[PDB]
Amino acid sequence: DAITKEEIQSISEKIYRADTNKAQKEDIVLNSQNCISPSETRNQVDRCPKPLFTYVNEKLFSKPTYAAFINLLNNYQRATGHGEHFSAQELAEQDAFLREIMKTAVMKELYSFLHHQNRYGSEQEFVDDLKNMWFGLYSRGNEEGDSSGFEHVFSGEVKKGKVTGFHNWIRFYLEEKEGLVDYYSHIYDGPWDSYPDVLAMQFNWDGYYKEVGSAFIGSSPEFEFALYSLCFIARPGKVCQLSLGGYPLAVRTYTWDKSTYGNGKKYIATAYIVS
């Protein structure tokens, strides 16, 4: 069944209200500090001397979907050109993440919507497709299987001396805590006055610069995984107009176009919040 623009905006609001594992107001203290003009993002000047996350209540990271998500963030080599080889325990981490997110109201809402729209006949089929499109390996650089949709969006990569991808707040917080991310500034702070919020950030990640990295702030991993999958499944390759807490938010997805899985199906090249 065709998924309409109106149907996308209804399910995106259902996903937003169902996100009970999101950070509560008291679980994160943000310090956005200096905002610069979009014309100054190539300056590479650190205008924020304090970390972006002044405090995060790390008990949030004991929630099973956060623990399973964080367990995946040490499985990759950010520099493209280095093939990825997952251990049996690392493939079990992918299954554990998918099993944990499927227990949430967020993923139950998305699967129910997609099943009603006749895109998937079963949860098993849907989980298998998600595992392929997100965790399947493809080649961005010098070696085979150095990248994936999940690595690009959630872990972040370095290609040709610049940061590429890197759109997740938990990954940002954990690297910043280790001194591996240095927050420089933002150009945009979304209309939400609660979590999830959106910030468009400039930052240095262990020697490489990210010019405009838009990220949800305070969302659970299942919220982000559901919305990015919704945009990719319903509108692959296009800008999908979501509605979140009554405010519009546009997301771009692109298919990977150098390889396929199964019967000519596409891996996710990227999913991101547009400027």
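Numbering starts at 1 and follows the sequence shown.
- Legend: mean Cα B-factor per stretch from the PDB entry, 63-71 versus 48-56; the higher mean is in 48-56.
- The PDB entry records a higher mean C-alpha B factor for 208-216 than for its counterpart among 208-216 and 222-230.
- Within the group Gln202, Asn142, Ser155, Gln94, the record's highest C-alpha temperature factor is found at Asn142.
- When the C-alpha B factors of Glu176, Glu100, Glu151, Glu125 are read from the deposited coordinates, the top value falls at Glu125.
- Ranked within its chain, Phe86 lands in the highest third, by CA B factor from the PDB record.
- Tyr261: CA B factor in the highest third of modelled residues in this chain (values from the PDB entry).
- Ranked by Cα temperature factor within the chain, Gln77 sits in the middle third according to the deposited record.
- In this PDB entry, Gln117 carries a Cα temperature factor that places it within the highest third of its chain's modelled residues.
- When the CA B factors of the chain's modelled residues are split into thirds, the value for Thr104 lands in the lowest one.
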